[PDB]
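> task: produce atomic coordinates for the following.
(5 chains, ligands or ions: 10)
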Amino acid sequence: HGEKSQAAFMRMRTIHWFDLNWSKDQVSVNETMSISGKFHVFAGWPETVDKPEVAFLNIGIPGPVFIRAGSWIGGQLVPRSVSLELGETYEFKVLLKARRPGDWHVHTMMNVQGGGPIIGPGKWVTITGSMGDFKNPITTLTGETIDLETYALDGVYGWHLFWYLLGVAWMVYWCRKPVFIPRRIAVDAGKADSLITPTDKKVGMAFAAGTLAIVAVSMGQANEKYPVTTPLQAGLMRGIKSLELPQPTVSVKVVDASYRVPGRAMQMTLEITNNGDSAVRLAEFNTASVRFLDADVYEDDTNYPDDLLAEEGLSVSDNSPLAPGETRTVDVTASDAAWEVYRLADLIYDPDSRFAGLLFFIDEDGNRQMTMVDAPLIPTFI
Amino acid sequence: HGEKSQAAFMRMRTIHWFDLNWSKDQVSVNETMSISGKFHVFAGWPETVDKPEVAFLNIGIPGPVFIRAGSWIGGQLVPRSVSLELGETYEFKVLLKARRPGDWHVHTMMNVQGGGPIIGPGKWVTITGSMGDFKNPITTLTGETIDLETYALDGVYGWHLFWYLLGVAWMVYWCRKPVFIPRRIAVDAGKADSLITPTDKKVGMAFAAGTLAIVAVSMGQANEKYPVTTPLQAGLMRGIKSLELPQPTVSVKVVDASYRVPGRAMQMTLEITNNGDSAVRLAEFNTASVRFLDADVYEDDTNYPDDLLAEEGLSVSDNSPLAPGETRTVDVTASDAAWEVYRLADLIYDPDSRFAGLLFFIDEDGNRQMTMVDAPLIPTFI
Amino acid sequence: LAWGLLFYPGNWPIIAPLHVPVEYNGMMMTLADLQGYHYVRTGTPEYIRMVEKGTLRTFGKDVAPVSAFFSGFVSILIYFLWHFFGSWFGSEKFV
Amino acid sequence: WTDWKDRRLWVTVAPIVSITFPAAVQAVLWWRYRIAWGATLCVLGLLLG
Amino acid sequence: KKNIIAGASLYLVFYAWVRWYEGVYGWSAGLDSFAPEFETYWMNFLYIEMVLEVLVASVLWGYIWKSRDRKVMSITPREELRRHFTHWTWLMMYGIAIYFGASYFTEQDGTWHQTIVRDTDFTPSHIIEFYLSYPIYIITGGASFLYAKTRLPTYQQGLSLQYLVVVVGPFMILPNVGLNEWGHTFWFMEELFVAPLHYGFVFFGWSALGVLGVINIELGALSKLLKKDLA
Ligand SMILES: CCCCCC(=O)OC[C@H](COP(=O)(O)OCC[N+](C)(C)C)OC(=O)CCCCC
Ligand SMILES: CCCCCC(=O)OC[C@H](COP(=O)(O)OCC[N+](C)(C)C)OC(=O)CCCCC
Ligand SMILES: CCCCCC(=O)OC[C@H](COP(=O)(O)OCC[N+](C)(C)C)OC(=O)CCCCC
Ligand SMILES: CCCCCC(=O)OC[C@H](COP(=O)(O)OCC[N+](C)(C)C)OC(=O)CCCCC
Ligand SMILES: CCCCCC(=O)OC[C@H](COP(=O)(O)OCC[N+](C)(C)C)OC(=O)CCCCC
Ligand SMILES: CCCCCCCCCC
Ligand SMILES: CCCCCCCCCC
Ligand SMILES: [Cu+2]
Ligand SMILES: [Cu+2]
Ligand SMILES: [Cu+2]
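Numbers count the residues shown, from 1 in each chain, chains lettered A, B, ... in the order given. Ligands and ions are numbered 1, 2, ... in the order given. The protein structure is shown below:
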């Protein structure tokens, strides 16, 4: 939700989320939905953002409306932080369990230590039911199946209430006696021994002994009631697998890119080659989670969030089937209301007017190639 | 010796020492022995241990009972620190010269800046003779062959004794005069000039002049007696060669690993493949310097320290010659007293219950392949 | 020293139930780690968690007691300093 | 968060920074009015809030 | 000489109104800065509260107009004794305000980040924290200070030092809001505690210990208004 306030160039030159798939948009409490896809770490990472040695695959939601039942990167569960390499592509998946009714924008994000939150596209999901029905059953290595939603609560309440009542009683022992005024006058006159009588000092011992006693008995009773207790686990998971995608034979070189200020349109001049074996065509340009498509080549079928989808936002001067070899240069224009709605036009206030994006090409058969583009964006003031 | 107190998971997921060879176990003073082998840096390095940009190949012994006559990594002398890469394998060698009689546990260790000591397996070596016979001859770039054991000692003694006697004489000049009491009374009355007479102040000048004089004459005499003197050398040696070992075609995937608490046994479930060209068999599992062998396949011939050697510690459900392709899954059980003796069972107190180890396979001919294993270790409480 | 040493013993009976180990999808986790994993904190990634992670200079199980003695020693100086700070706050001076 | 209550940094930081106000309030709620509580009062307030 | 405006502490009803307005008009109607729903329920809120606070501070701080000859130390334990009760009513109000400002809404804002809202460029739990509660308790503290200054004899001797600390001291967290949102930007740290950027207005809660000095003072001219009548 707060992606709109992040630096435009940062949103464009960090991580690119594509092939995203939401398994549902209408869940009931205790039901699960999954979010899958891939993300590609940009090699032209920002200088002020630490390289992602330590990253955490998170979920963007307003508190635990869902619970993260699981999350995988390349097939491995990632409850800890992980390491990534600039320029790699990873496949990820997240499994959510609906907990609280309402309508929530669910985003896929990556926290990067020394960097910040890197928020992917969000989708509106609706949860129906009553939160009172939520169950979080768990079985322990003793089993012992418990309900993590309310387990151990009575113990917390009892112990905290007991210690609080003990502390209140200490103050109450001294509160009945007139305080402040008589005590001031006493020490001012030189009767420093105001209300510290032997009986008042022996009450201190009882409290101090009754305290030091309860702590020991309680430690023993805990060790005897929970014989098995491990420390809080933690630690990076460096071993994370990427994707062995074939090099996009279709090579694209950006000659120059500009954008109209004011206006909701950007303009690139691409020099394209088709070192591949089949004729390709420019299908989509993806930047900062906004998808500009060319309706004549490709149309979305994944229910991509509409406010981020430009069905005919991509306009190529010549999208005639680019055949093998056959280098060519074309003028691409990606225009959509989302350029201004998602504050991408605020690249003008950024101290780095540059950009990065994902080009997708399709053959006669329907295969897709993913090419990376990046270069300076030049504000053309109208 | 203090490896037993280091975190169990750290000892298992950092550096693996194998192919170790001690040239002797009974040396006399002035004699040399060598320690050779290889070590493999684990790619799943611990987060809290800095990556080994700066490492030093050290020797673990209780003071200079030996002297490190030399040490090579990949064939180059490494008197300075060096750099290593996660996931590489290096060949090393150390040359020791016996100096002090006794029985000493000699370990091979690697100090990692920002990390700590990474101690390899130790061996009991006995030194016989008399320390009075130790000779450390050296020839300088002037040659000038000297004995580094006692060279320049008389100079140190003379200079320090001289300066000390000079400082004692200063105090003695004032010690004969009654101190403290008369001096207190004097300044208290207002006779601040107690014993600071002109003759007492001119003695100060002599000392101050005789001092500032001796320093200059001594600097000149030193420059004239040792005309050639370089500064203390130092500096990393980044260029360190690894080993071009062929990729182990035999691929092993750990399905799950657990250990009995209490007990001295761990249990893995391995999914093995034989992409190689010959039938292989699981021979040894090496972790934290402990070597679990399967007597039916392989037996040690390097006099490996017995307390770290489990001749029949490895137990495979099916060690039938795994032939080409022919994937398979087996249940491995590595059990030995050393699991409890070397505090490896203390993985339970570690805030990271995971493990890493070295799998060795042997063909019909007798070749060895080295595969790396690692996954979470799950305490199965009995 | 007491303040520093009575803390962890005073809290253990409350957090002990949440330190029971659990195997979750192949990884081992305590119930507290499982809680931190389930209930999403979009603002609190896992890597900011400043908890004991083990080192080469750390011993197998010695963190709790050593951290309680170090804390007691430092609490000595903290109490010392804040006694005088509070004596100043009690001033009745007029300016 | 419970998953932050570890054995090294929690046990080290909580008491250190916690003993500040109890000591300061005690520097006049003892030598001016011989008030026995004052650390109890600080902690009761903190816990209630 | 009390039991009147002490029980008239409307702080609860007013603050019970925002805690409701928060959980009903800022949960989802204030999640996005966007443009319509936000500037309707949260930006207008901000502007209105700023102007109202400035004007209420300028007005309420007129104890200098009601000020006059305050030799109540020459009066018996009736007129001056009655003024001390009013001073302590003011101080109880100040205590309630400080509680709600520095404890309730501050830790509520702490709760808000941990859930979703990255501070980037704003938060609606910020209109309620830095621009409503802090100025409220600032106004109350200034009012109490001025009352003592203009109505009690023992305070006619030049601006008690510790009274200035339990006052403008806690004022220095408001301008301290510049430290954060700058330490949260180009120096950020997504916590409350290790981030020294917050140590700015940690050096404000300490200043809220100046109620050790006001209490010593108010129990030194009052101890001499009760000495004769011991039993
Ligand atoms: C009032 C004395 C109670 C002593 C309790 C104790 O020894 O606890 C040890 C525990 C260490 O826990 P650990 O080494 O893991 O072994 C105990 C096993 N558990 C944590 C399961 C209870 O850490 C502390 O509580 C430090 C307090 C020192 C007070 C002098
Ligand atoms: C960082 C700790 C400094 C505490 C020093 C102190 O107690 O104050 C002494 C001084 C005045 O010294 P003196 O005239 O001897 O009066 C001592 C009596 N009290 C303590 C009430 C001021 O008061 C000040 O100017 C305030 C100190 C700066 C704010 C932390
Ligand atoms: C950052 C800690 C501030 C510590 C304040 C301090 O110790 O300074 C005492 C100083 C001592 O000089 P002072 O008594 O102001 O000068 C005499 C004042 N007259 C002329 C009325 C007698 O008075 C002031 O600081 C002015 C009030 C500051 C309020 C936060
Ligand atoms: C935000 C309301 C807090 C209530 C303050 C309070 O109860 O103090 C009572 C005090 C009345 O104290 P009192 O002894 O009547 O005033 C001194 C006597 N006079 C004014 C005749 C010199 O009020 C005032 O001085 C002005 C109130 C204006 C805002 C409601
Ligand atoms: C004393 C603070 C002045 C606040 C002025 C105001 O009403 O905010 C409008 C403007 C913000 O305008 P802008 O972000 O360009 O657009 C406002 C519309 N929304 C809320 C959708 C971002 O704020 C600033 O001048 C910067 C923040 C104050 C300094 C801490
Ligand atoms: C701890 C250093 C500062 C202490 C100053 C307290 C005032 C002096 C004591 C009379
Ligand atoms: C680069 C950050 C330096 C910060 C200086 C100290 C800040 C004090 C905050 C009141
Ligand atoms: Cu959103
Ligand atoms: Cu040893
Ligand atoms: Cu905030």
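
> where does the closest residue to ligand 1 within chain E sit: helix, strand or coil?
The minimum distance from chain E to ligand 1, using CB to the nearest ligand atom, falls at residue E:193 (22.6 Å). C-betas here are computed from N, CA, C, even on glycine. For residue E:193, the assignment made with DSSP: H, G, I helix; E, B strand; the rest coil gives coil.

> tell me the helices and strands packed up against the helix or strand hosting residue C:76.
Taking DSSP states H and E as the definition, residue C:76 sits inside helix C:63-89. Judged by 3 or more CB pairs under 8 Å, 6 or more residues apart in numbering or on different chains; DSSP states H and E, helix C:63-89 is in contact with helix C:2-15, helix D:9-18, helix D:20-26.

> what angle separates it from helix D:9-18?
10 degrees (axes from the mean of the first three to the mean of the last three CA atoms, to 10 degrees).

> residues in contact with the closest residue to residue D:20 other than its chain neighbours?
Ranked by CB to CB, 6 or more residues apart in numbering or on different chains and with sequence neighbours excluded, the top spatial neighbour of residue D:20 is residue C:82, at 5.2 Å. Going by CB atoms under 8 Å, 6 or more residues apart in numbering or on different chains, residue C:82 touches D:19-21, D:23-24, D:27.

> roughly how far apart are residue C:82 and ligand 1?
Distance, residue C:82 to ligand 1, by CB to the nearest ligand atom, to the nearest Å: 23 Å.

> before we move on, what about residue A:121?
In terms of CB to the nearest ligand atom, residue A:121 sits 45 Å off from ligand 1.

> then residue A:275?
Going from residue A:275 to ligand 1 by CB to the nearest ligand atom gives 62 Å.

> tally of neighbours for the residue lying closest to that residue once chain neighbours are set aside?
Nearest residue to residue A:275, sequence neighbours excluded (CB to CB, 6+ apart): residue A:249, at 4.2 Å. Using other CB atoms under 10 Å in any protein chain shown, residue A:249 is surrounded by 16 other residues.

> residue of chain E closest to chain B, please.
residue E:194 (17.1 Å; CB to the nearest CB).

> unless I'm mixing things up, that residue is touching residue C:50, no?
Yes: applying CB atoms under 8 Å, one finds residue E:194 in contact with residue C:50, separated by 6.8 Å.

> and stretch A:121-132, does that touch ligand 8?
Yes: against ligand 8, stretch A:121-132 shows contacts by CB under 5 Å from the ion at residue A:122.

> mind checking the SS state of the residue most central in space within chain E?
For chain E, the residue nearest the mean C-alpha position is residue E:137 (1.5 Å; CA atoms, centre = their mean). Of the three states, residue E:137 takes helix according to three-state DSSP.

> what helix or strand is the spatially closest residue to it that is not a sequence neighbour on?
Leaving aside its chain neighbours, residue E:137 sits nearest to residue E:97 (3.6 Å; criterion: CB to CB, 6+ apart). Using DSSP H and E, residue E:97 sits in helix E:79-99.

> neighbouring contacts of the following helix or strand past that helix?
Scanning forward in sequence from helix E:79-99 by DSSP H and E, the next helix or strand is helix E:105-115. With contacts defined as CB under 8 Å, 6+ apart, helix E:105-115 is touched by A:62-63, C:41-44, D:49, E:119, E:123, E:125-126, E:128-129, E:132-133, E:190, E:192.
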